[PDB]
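A.B. asks: From the sequence below, what's the structure:
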Amino acid sequence: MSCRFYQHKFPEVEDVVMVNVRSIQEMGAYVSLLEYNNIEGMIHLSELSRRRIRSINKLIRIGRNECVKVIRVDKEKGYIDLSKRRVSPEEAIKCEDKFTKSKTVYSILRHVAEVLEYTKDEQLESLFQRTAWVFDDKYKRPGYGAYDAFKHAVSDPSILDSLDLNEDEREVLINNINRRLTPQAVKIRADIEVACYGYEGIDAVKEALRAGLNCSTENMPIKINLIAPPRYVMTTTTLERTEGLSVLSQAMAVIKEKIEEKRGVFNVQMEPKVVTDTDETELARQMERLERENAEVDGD
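C.D. replies: Residues are numbered from 1 along each chain as shown. Shown next is the protein structure:
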């Protein structure tokens, strides 16, 4: 169970990526070409440090990863030669991103298997080569392809038509891609205080709330309820952390206009507060929403 970022499948004499040292030798320095997207590797000290040479201890030494390029592999078993010849930052950067996207998608599937009970090593590595790396090879991309496709597969499932998966791994995996790439509107909530001192101001009070709920946008439903007299609650479901509250405030100013224009007043109580994806965990220890009532005078 070593390969993982591509079930083992690299070209010949053209692999530029970042590896981690493994065994250092005086006549060569063995390294680890990622125990997932490739395998181990052997570098040539006679072609790694020109001029004098001691032990390339300033390059790779048990705990020092670096970016090198393969020079020749062996088909008699599967070996890989390594040399740096002074690589450029453009290459070390192309690899840093290749694993950045290949690692996010790699972990994204690791969690999908973690919930569907896929900790049999070969299993997660099987899904890896049966989905993320299948698309990467679909457009001939070293991880970069599967990632972009994993981000567009949320609205363009026309490419996931050849994905013969189970209804549990197809819906859970897709649910994970969106939960990690395209979310579904954010939960926002701000507090406001509308008041129209006057028996004829009640028309601005009701027209005001409707104005705040009407300033919203398509696919962004807003809910404003009253929990007390000088206080209200305005929530909704609008993507974007700032734009969402941007509509909440736009409503707080609109009502401020639909209430002050008729001799009224407006007062925020907790400003616009957006909800994140991790807040869903602390929302279970809070609870108690309507039980916060304090008026206990039923009778005289």
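A.B. asks: Identify the residue nearest the geometric centre of this structure.
C.D. replies: Note on the chain: the residue nearest the mean C-alpha position is residue 180, at 3.6 Å, using C-alpha atoms, centre = their mean.
A.B. asks: give me the number of residues near the closest residue to that one other than its chain neighbours?
C.D. replies: Closest residue to residue 180 apart from its sequence neighbours, by C-beta to C-beta, 6 or more residues apart in numbering: residue 108 at 5.4 Å. Just so you know, the C-beta spots here come from the backbone N, C-alpha and C atoms, and that holds for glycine as well. Applying other C-beta atoms under 10 Å, we find 19 other residues in the vicinity of residue 108.
A.B. asks: that older thread, tell me the phi and psi of the residue nearest to the centre of the chain?
C.D. replies: Phi and psi for residue 180, reported as degrees, to the nearest 10, are phi -110, psi -20.
A.B. asks: what about the closest residue to residue 170 other than its chain neighbours, how many neighbours?
C.D. replies: Here the nearest residue to residue 170 in space, its sequence neighbours aside, is residue 163; by C-beta to C-beta, 6+ apart that works out to 6.7 Å. Using other C-beta under 10 Å, residue 163 has 16 neighbouring residues.
A.B. asks: still on that earlier bit, need the contact list for the residue nearest to residue 180.
C.D. replies: By C-beta atoms under 8 Å, 6 or more residues apart in numbering, the residues touching residue 108 are 132, 150, 176, 177, 180.
A.B. asks: Just the element for residue 171, please.
C.D. replies: In this assignment (DSSP states H and E), residue 171 forms part of helix 167-180.
A.B. asks: for residue 236, that is, sorry about that
C.D. replies: strand 231-237.
A.B. asks: can you pull the contacts of the closest residue to residue 270 other than its chain neighbours?
C.D. replies: Leaving out its chain neighbours, the residue that sits closest to residue 270 by C-beta to C-beta, 6+ apart is residue 191, at 4.3 Å. Residues near residue 191 by C-beta under 8 Å, 6+ apart: 231, 232, 233, 234, 268, 269, 270, 271.
A.B. asks: just residue 4 next, same as before
C.D. replies: 35, 36, 37, 106, 124, 125, 128.
A.B. asks: In a helix, residue 21, correct?
C.D. replies: No: when DSSP: H, G, I helix; E, B strand; the rest coil is applied, residue 21 is found to be strand, with no helix at that position.
A.B. asks: Scan the contacts of residue 191 and report the most crowded one.
C.D. replies: residue 234 (27 neighbours).
A.B. asks: Report the separation between residue 114 and residue 124.
C.D. replies: To residue 124, residue 114 is 8 Å away according to C-beta to C-beta, to the nearest Å.
A.B. asks: quick one, which of these two is more surrounded?
C.D. replies: residue 124 (19 against 12).
A.B. asks: Three-state assignment for that one, please.
C.D. replies: helix.
A.B. asks: and if you look at residue 31?
C.D. replies: Residue 31 - assigned by three-state DSSP - is strand.
A.B. asks: what about it, distance to residue 100?
C.D. replies: 20 Å.
A.B. asks: So for those two, which residue has more residues nearby?
C.D. replies: The neighbour comparison of residue 31 against residue 100 (other C-beta under 10 Å) goes to residue 31, with 24 against 13.
A.B. asks: Report the beta-bridge partners for that one.
C.D. replies: On the basis of DSSP bridges, residue 31 is bridged to residue 21, residue 41.
A.B. asks: Would you enumerate the residues in contact with it?
C.D. replies: Here residue 31 is in contact with 19, 20, 21, 22, 40, 41, 42, 43, 60, 68, 82 (C-beta under 8 Å, 6+ apart).
A.B. asks: Turn those residues into JSON lines, including distance to residue 203.
C.D. replies: Putting those into JSON lines (distance: C-beta to C-beta, whole Å) gives the following:
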{"residue": "19", "distance to residue 203": "73"}
{"residue": "20", "distance to residue 203": "71"}
{"residue": "21", "distance to residue 203": "77"}
{"residue": "22", "distance to residue 203": "78"}
{"residue": "40", "distance to residue 203": "78"}
{"residue": "41", "distance to residue 203": "78"}
{"residue": "42", "distance to residue 203": "83"}
{"residue": "43", "distance to residue 203": "81"}
{"residue": "60", "distance to residue 203": "77"}
{"residue": "68", "distance to residue 203": "75"}
{"residue": "82", "distance to residue 203": "79"}
